[PDB]
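A.B. asks: What follows is my_file_32.pdb, PDB, C-alpha atoms.
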ATOM      1  CA  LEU A   1       0.000   0.000   0.000  1.00  0.00           C
ATOM      2  CA  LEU A   2       2.957   2.277  -0.702  1.00  0.00           C
ATOM      3  CA  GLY A   3       1.400   3.764  -3.811  1.00  0.00           C
ATOM      4  CA  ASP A   4      -1.585   4.559  -1.605  1.00  0.00           C
ATOM      5  CA  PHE A   5       0.767   6.020   0.990  1.00  0.00           C
ATOM      6  CA  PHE A   6       2.245   8.496  -1.425  1.00  0.00           C
ATOM      7  CA  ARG A   7      -1.276   9.651  -2.269  1.00  0.00           C
ATOM      8  CA  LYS A   8      -2.127   9.924   1.424  1.00  0.00           C
ATOM      9  CA  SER A   9       1.130  11.577   2.471  1.00  0.00           C
ATOM     10  CA  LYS A  10       0.834  13.861  -0.550  1.00  0.00           C
ATOM     11  CA  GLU A  11      -2.172  15.760   0.813  1.00  0.00           C
ATOM     12  CA  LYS A  12      -0.882  15.482   4.372  1.00  0.00           C
ATOM     13  CA  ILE A  13       1.850  17.937   3.408  1.00  0.00           C
ATOM     14  CA  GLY A  14      -0.455  20.433   1.717  1.00  0.00           C
ATOM     15  CA  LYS A  15      -2.223  20.682   5.073  1.00  0.00           C
ATOM     16  CA  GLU A  16       0.850  21.160   7.271  1.00  0.00           C
ATOM     17  CA  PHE A  17       2.941  22.754   4.524  1.00  0.00           C
ATOM     18  CA  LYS A  18       0.321  25.491   4.242  1.00  0.00           C
ATOM     19  CA  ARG A  19       0.307  26.164   7.981  1.00  0.00           C
ATOM     20  CA  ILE A  20       4.104  26.070   7.901  1.00  0.00           C
ATOM     21  CA  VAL A  21       4.496  28.571   5.066  1.00  0.00           C
ATOM     22  CA  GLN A  22       2.031  30.791   6.923  1.00  0.00           C
ATOM     23  CA  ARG A  23       3.872  30.439  10.231  1.00  0.00           C
ATOM     24  CA  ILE A  24       7.334  30.903   8.726  1.00  0.00           C
ATOM     25  CA  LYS A  25       6.064  34.078   7.061  1.00  0.00           C
ATOM     26  CA  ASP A  26       5.511  35.455  10.560  1.00  0.00           C
ATOM     27  CA  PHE A  27       8.954  34.329  11.712  1.00  0.00           C
ATOM     28  CA  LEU A  28      10.731  36.563   9.200  1.00  0.00           C
ATOM     29  CA  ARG A  29       8.640  39.406  10.623  1.00  0.00           C
ATOM     30  CA  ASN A  30       9.838  38.824  14.188  1.00  0.00           C
ATOM     31  CA  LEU A  31      13.292  37.987  12.846  1.00  0.00           C
ATOM     32  CA  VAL A  32      14.564  41.350  11.608  1.00  0.00           C
ATOM     33  CA  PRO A  33      15.130  43.760  14.550  1.00  0.00           C
ATOM     34  CA  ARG A  34      14.430  46.757  12.326  1.00  0.00           C
ATOM     35  CA  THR A  35      12.473  46.719   9.076  1.00  0.00           C
ATOM     36  CA  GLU A  36      12.960  49.167   6.209  1.00  0.00           C
ATOM     37  CA  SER A  37      13.148  52.800   7.310  1.00  0.00           C
TER      38      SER A  37
END
Show this structure as structure tokens.
C.D. replies:
Amino acid sequence: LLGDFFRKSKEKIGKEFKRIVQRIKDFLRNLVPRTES
């Protein structure tokens, strides 16, 4: 059931990957001490 796994894992990323990309986007914001003047 590996072929089925790939299909299952495939969407599993889209769910967490989306939340990740969204979270990381915030990180960069709290990363720089001073934004553009």
A.B. asks: Rounded to one decimal in Å, what is the spacing between atom CA of residue 5 of chain A and atom CA of residue 17 of chain A?
C.D. replies: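 Taking atom CA of residue 5 of chain A and atom CA of residue 17 of chain A, their separation equals 17.2 Å.
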A.B. asks: I'd like the interatomic distance between atom CA of residue 25 of chain A and atom CA of residue 11 of chain A, to a tenth of an Å.
C.D. replies: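 Computing it gives 21.0 Å between the two atoms.
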A.B. asks: Interatomic distance between atom CA of residue 12 of chain A and atom CA of residue 29 of chain A?
C.D. replies: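 Interatomic distance here is 26.5 Å.
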A.B. asks: As AutoDock Vina command-line options, please: the centre and edge lengths in Å, to one decimal, of an axis-aligned box enclosing every listed atom of segment 5-14 of chain A with 3 Å added on each side.
C.D. replies:
--center_x 0.0 --center_y 13.2 --center_z 1.1 --size_x 10.4 --size_y 20.4 --size_z 12.6
